[PDB]
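Once you've seen the sequence and the experimental structure below, I've got questions.
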Amino acid sequence: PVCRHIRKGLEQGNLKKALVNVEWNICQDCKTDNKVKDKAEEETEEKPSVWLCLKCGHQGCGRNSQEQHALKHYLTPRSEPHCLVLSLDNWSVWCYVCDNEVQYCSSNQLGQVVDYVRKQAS
Ligand SMILES: [Zn+2]
Ligand SMILES: [Zn+2]
Ligand SMILES: [Zn+2]
């Protein structure tokens, strides 16, 4: 019928707090990578896909990046799955644990939040 990992991958409460002064379309995990000096290699001026964890508001870069930090975040061993990311590109949802693209509606929390987060980033 739908994905049932909604709550498992979407946590509205911590979303609100994350998106407050969050950076939009900016994989924060790129920025928080103090290891390197660049975190944005101006010579290439990259703009990868940006997937936002619907679970915590962690913004990562998807497949179109070298790091694919969004997936690293999924592959991160943790108690909650955080397996829901929405694309700031096509506004799709990806559920890593479903391993497909998720669809939602107006009564579905995922849709509600995507709508909300879209209002955030808008
Ligand atoms: Zn990144
Ligand atoms: Zn997360
Ligand atoms: Zn799912």
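Right, received. Where do you want to start? Numbering: from 1, shown residues only. Ligands and ions are numbered 1, 2, ... in the order given.

helix, strand or coil for the residue nearest the centre of the chain?
The centre of the chain sits closest to residue 52, judged by C-alpha atoms, centre = their mean, with a distance of 1.4 Å. Three-state call for residue 52 (DSSP: H, G, I helix; E, B strand; the rest coil): strand.

That one touches residue 91, doesn't it?
No: with contact defined as C-beta atoms under 8 Å, residue 52 does not reach residue 91; the gap is 10.3 Å. (C-beta placed from N, C-alpha, C; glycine too.)

still on that earlier bit, which residues touch the closest residue to the residue nearest to the centre of the chain other than its chain neighbours?
Using C-beta to C-beta, 6 or more residues apart in numbering and skipping the chain neighbours, the partner closest in space to residue 52 is residue 59 (4.7 Å). By C-beta atoms under 8 Å, 6 or more residues apart in numbering, the contact set of residue 59 is 22-29, 50-53, 88.

Residue 59 and ligand 2, how far apart?
Counting by C-beta to the ion, to the nearest Å, the gap from residue 59 to ligand 2 is 9 Å.

Tell me how far that residue lies from ligand 3.
Noted for residue 59: a distance of 20 Å to ligand 3, by C-beta to the ion.

Of all the residues in the one helix or strand residue 116 maps to, which ones are buried?
Per DSSP states H and E, residue 116 falls inside helix 109-121. For helix 109-121, the neighbour count (16 or more other C-beta atoms under 10 Å) marks 110, 111, 113, 114, 117, 120, 121 as buried.

same check, this time on stretch 52-65
52, 53, 54, 55, 56, 57, 58, 59, 60, 61, 62, 65.

With stretch 27-34 instead?
So, applying 16+ other C-beta under 10 Å, buried residues of stretch 27-34: 27, 28, 29, 30.

Could you do stretch 78-89 as well?
Applying a neighbour-count criterion of 16+ other C-beta under 10 Å, one finds 82, 83, 84, 85, 86, 87, 88 buried in stretch 78-89.
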